[PDB]
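Take a look at this single chain, the form deposited in one PDB entry, given in structure tokens.
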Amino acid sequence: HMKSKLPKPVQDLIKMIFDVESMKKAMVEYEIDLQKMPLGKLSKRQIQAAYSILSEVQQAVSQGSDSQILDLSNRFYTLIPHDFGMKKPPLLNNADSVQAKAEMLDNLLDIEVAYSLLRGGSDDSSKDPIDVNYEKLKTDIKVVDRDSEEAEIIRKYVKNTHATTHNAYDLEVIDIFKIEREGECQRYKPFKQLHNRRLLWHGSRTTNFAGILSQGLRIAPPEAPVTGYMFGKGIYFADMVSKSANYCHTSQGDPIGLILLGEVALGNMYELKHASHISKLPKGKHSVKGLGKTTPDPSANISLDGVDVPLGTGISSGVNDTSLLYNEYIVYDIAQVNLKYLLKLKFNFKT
């Protein structure tokens, strides 16, 4: 084949996110049986069906027995097969079981998109598959220059917003990509001049990124249990890099992770201290802010293309009885997100 004229960082990114064995490795982390439910047999209607059974388990948990829960728990394992042998699988009887399986199904939908792109489309042996798979993302990916002003700001945002409670690792920036999804700037147009626009982190495991870069950051479907998410079904961001970095699910077994920096139109923020499982904001509000105990220093804010970057060192917020150690931002319209950068990170585990 032609050998591909993309930059080397962009080629390694494409290899990373379209890695088939990594998708299988991700599925087994959720205790799924690849013998019964392999990567090829995965589909949206199976995942939505599973979401719905998880919504029924939510219902029984919220109204209190282990007799009826058994039936609802088993119907979930029917739709998404798990690897337990001749088993008796673990009972899904609490809020944690609902949250845990909801976050799995979240990941399965992103993996299904990644694999469907991979096994959809055309097969040209004369083209480099790195180029072929790059075009399927419908995203322009350019490498940011390490001496640029935007690179200095971004590295400082990584540097300053690593929390003391997440000091089992620290992060090196390997590559900084400027990204532009097809039609996203057009979709963002109603919110482009809205007040309180902020550059915020979104971390996910590397097997989600083909899905994210093709479909954008999305909302979990109607079938999904709204109790499974702390502030309901929206798109979640953080202003502390380490908080988002944790959702990469790096370890000593693959700490090369990916993380987004997106422009989020927060507007009038509906501020909250504790969990509120809502599927629609109160009138006049454009986002939720989960109030953190710690927050980046408001006086040390910096502008990048007219977008605030909260890159100050973590200080006390003056908020008392909150569930959250750090801030949290949620939007419930996908048009309020415009993804600007993607960072490839280097997790130095000190344990």
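Rigid core here is just the name for the largest C-alpha set that superposes within 1.5 Å across the two forms. Shifts are known only where both forms have a C-alpha. Numbers follow the displayed sequence, beginning with 1.
Another form exists, deposited in another entry; not displayed. Remarks below refer to it.
Can you tell which of 277, 156, 142, 138 moves its Cα by 2 Å or more between the shown form and the other one, with the two forms laid on the rigid core?
With the rigid core superposed, the residue that stands out is 277.
Threshold 2 Å Cα movement between the shown form and the other one at residue 167, rigid core reference:
No, the C-alpha moves less than 2 Å.
Hey, does residue 307 budge by 2 Å or more at the Cα between the shown form and the other one once the core is superposed?
Not so; residue 307 is displaced by less than 2 Å.
So which segments really shift between the shown form and the other one, if a segment has to be 3 or more residues long and each C-alpha must move 2 Å or more after the rigid core fit?
These are the shifted runs between the shown form and the other one: 65-68, 85-88, 163-166, 277-284, 304-306.
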